[PDB]
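These notes concern the structure reproduced below.
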Amino acid sequence: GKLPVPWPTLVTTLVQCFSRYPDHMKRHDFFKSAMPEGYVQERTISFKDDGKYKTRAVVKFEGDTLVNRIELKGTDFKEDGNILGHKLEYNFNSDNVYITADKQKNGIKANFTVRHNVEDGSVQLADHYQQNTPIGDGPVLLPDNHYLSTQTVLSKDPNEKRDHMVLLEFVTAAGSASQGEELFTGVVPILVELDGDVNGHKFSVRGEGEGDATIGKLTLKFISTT
């Protein structure tokens with residue numbers, strides 16, 4: 001079957017612990033400090049003049065594998081809009097994601113807008129609100145204000161018959177300190193599992209790959225089931 005939404009609209013939902021934090025910023029890496037116990041990451045993604053995604057994810061280690069388990073609920077979408085109508089370009093341009101501390105949740109938050117190119121030349125906006133909280137009771141690092149700058153390229157496996165997305169992504173923070181930071185000194189296998197429902201259309205996505213936080217690099221292949 002076919003994914004009922006464009007693959008670019010799921011990129012931000014489908015592991016910021018793999019961002020490269022420079023040495024002078026290691027004291028501000030909340031994402032790694034919450035590991036291995038993990039953190040909960042919740043988002044609302046409002047597509048302008050269209051529907052919304054509500055997501056809740058658990059990001060934690062299972063053995064040496066970093067696992068991202070997500071539940072996605074999409075509502076109020078137009079069957080003929082840019083999302084359900086598959087009208088977006090197959091790409092994903094750069095973002096500066098400003099991270100701020102959420103003191104009383106012992107975590108972080110962020111608000112940023114993603115710009116998806118539409119095939120007719122217009123742009124589809126996706127307003128992200130994000131909240132992260134740690135799962136364990138151990139100490140975590142609460143950061144000063146900073147941001148993560150991203151680069152992403154999407155491609156296809158020419159022999160893969162299933163609906164799928166190959167992703168390569170580099171992320172650096174700008175603008176050990178924790179036991180969890182040490183878990184990311186090398187290449188870490190990644191598994192992502194998303195269960196989705198958009199306007200009643202159910203689907204699931206599984207991705208496999210690896211991340212290298214020393215250079216901020218993510219390589220993943222996602223496959224959808226519908």
Side-chain angles (χ1 to χ4, degrees), residues 11-45 55-72 94-112 114 128-152 167-194 207-220:
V11 164
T12 63
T13 301
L14 301 165
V15 285
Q16 296 169 306
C17 46
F18 287 100
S19 312
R20 180 175 72 85
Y21 273 72
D23 195 75
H24 73 297
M25 297 185 56
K26 277 170 153 43
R27 68 186 277 160
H28 301 294
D29 192 348
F30 162 85
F31 303 105
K32 288 185 190 63
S33 82
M35 296 301 161
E37 298 91 336
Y39 52 76
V40 168
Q41 172 166 310
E42 295 180 320
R43 283 214 191 97
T44 297
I45 303 171
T55 67
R56 173 187 164 85
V58 172
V59 190
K60 70 191 286 193
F61 274 87
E62 305 285 353
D64 290 327
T65 294
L66 192 281
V67 181
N68 181 18
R69 288 158 61 183
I70 316 141
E71 179 181 281
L72 181 145
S94 65
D95 287 299
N96 290 318
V97 176
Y98 284 82
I99 305 296
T100 67
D102 194 349
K103 175 54 205 233
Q104 296 310 134
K105 311 311 264 219
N106 206 29
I108 60 100
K109 61 189 195 304
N111 170 225
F112 58 98
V114 164
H128 288 61
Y129 280 90
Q130 181 182 336
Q131 215 278 311
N132 290 50
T133 59
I135 292 170
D137 55 27
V140 301
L141 301 172
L142 299 185
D144 291 348
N145 290 3
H146 68 275
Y147 62 97
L148 311 168
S149 62
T150 74
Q151 300 174 80
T152 309
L167 178 142
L168 161 72
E169 191 179 307
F170 279 91
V171 180
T172 304
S176 51
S178 75
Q179 290 198 309
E181 163 193 325
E182 190 273 329
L183 297 180
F184 294 86
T185 54
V187 171
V188 173
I190 298 169
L191 167 69
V192 180
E193 296 165 306
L194 182 149
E208 316 181 338
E210 60 190 29
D212 191 336
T214 303
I215 62 177
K217 181 181 181 172
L218 285 176
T219 50
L220 293 149

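Residues take their numbers from the sequence shown, with the count starting at 1. Values below: every heavy atom of this structure, side chains too, minus hydrogens, waters and symmetry copies.
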OG1 on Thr13 to CG on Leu194, rounded to 0.5 Å =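 The OG1 atom of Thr13 is 7.0 Å from CG of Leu194, to the nearest 0.5 Å.
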
To the nearest 0.5 angstrom, please state how far the OG1 atom of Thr44 sits from the CG atom of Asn111.
->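 So the OG1 of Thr44 and the CG of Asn111 are separated by 11.0 Å.
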
So which of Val58, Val67, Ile70 actually passes side-chain contact (heavy atoms from CB on, under 4.5 Å) with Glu193?
->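 Option passing the side-chain contact (heavy atoms from CB on, under 4.5 Å) with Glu193: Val67.
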
With respect to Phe30, which candidate in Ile99, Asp102, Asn132 satisfies the side-chain contact (heavy atoms from CB on, under 4.5 Å) definition?
->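 Of the listed residues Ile99, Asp102, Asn132, the side-chain contact (heavy atoms from CB on, under 4.5 Å) partner of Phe30 is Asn132.
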
Taking only residues two or more places apart in sequence, or in another chain, which ones meet [X] in a side-chain hydrogen bond (donor to acceptor under 3.5 Å, both in side chains)?
X      : value
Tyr21  : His146
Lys105 : none
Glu37  : none
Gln179 : none

Candidate pair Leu218 and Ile190, rule side chain to side chain contact (heavy atoms under 4.5 Å, CB included), full reasoning = CA-CA 9 Å; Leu218 285 176; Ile190 298 169; 3.5 Å; yes

Checking [X] now: which residues fulfil salt bridge (charged side-chain N to carboxylate O under 4.0 Å, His left out) with it, not counting sequence neighbours?
X      : answer
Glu71  : none
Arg69  : none
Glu208 : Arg206

Taking only residues two or more places apart in sequence or in another chain, which ones pass side chain to side chain contact (heavy atoms under 4.5 Å, CB included) with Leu167?
->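 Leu167: side chain to side chain contact (heavy atoms under 4.5 Å, CB included) contacts with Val11, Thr152, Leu154, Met165, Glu169, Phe222.
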
4.5 Å side-chain heavy-atom contact, [X] and [Y]:
X      : Y      : value
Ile135 : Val40  : yes
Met35  : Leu66  : yes
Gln41  : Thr55  : no
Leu142 : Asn106 : yes
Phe31  : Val59  : no

May I ask you to check whether over 12 heavy atoms, not counting those of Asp64, lie within 6.0 Å of atom CG?
->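 At most 12 heavy atoms, drawn from other residues, nucleotides or ligands, come within 6.0 Å of this atom.
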
NZ (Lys109) with more than 12 external heavy atoms under 6.0 Å |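 Count over threshold, so yes.
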
Residues forming a ring pair (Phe, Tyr, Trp, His ring centres under 6.0 Å) with [X], sequence neighbours excluded:
X      : result
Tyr98  : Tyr147
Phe18  : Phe184
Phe112 : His128

When you look at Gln151 and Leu168, which way does the side chain to side chain contact (heavy atoms under 4.5 Å, CB included) test go after all the steps?
-> CA-CA 8 Å; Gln151 300 174 80; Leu168 161 72; over 6 Å; no

Can any side-chain N or O of [X] pair as donor or acceptor with the backbone N or O of [Y] at less than 3.5 Å?
X      : Y      : result
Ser33  : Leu141 : yes
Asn68  : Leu14  : yes
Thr172 : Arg20  : no

Where is the tightest heavy-atom contact between [X] and [Y], given as atom of each residue plus distance?
X      : Y      : result
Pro22  : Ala173 : CD-O, 3.5 Å
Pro143 : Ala101 : O-CB, 3.4 Å
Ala213 : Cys17  : CB-O, 4.1 Å
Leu148 : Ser19  : CD1-OG, 3.9 Å
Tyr39  : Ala34  : CD2-CB, 4.0 Å

Only pairs at least two apart or in different chains count here, so list each salt bridge (charged side-chain N to carboxylate O under 4.0 Å, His left out) that has a residue in residues 22-31.
->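 Of all non-adjacent pairs touching residues 22-31, those that pass salt bridge (charged side-chain N to carboxylate O under 4.0 Å, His left out) are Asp29-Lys32.
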
So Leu191 and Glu62, side chain to side chain contact (heavy atoms under 4.5 Å, CB included) or not? Walk me through it.
-> CA-CA 10 Å; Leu191 167 69; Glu62 305 285 353; over 6 Å; no

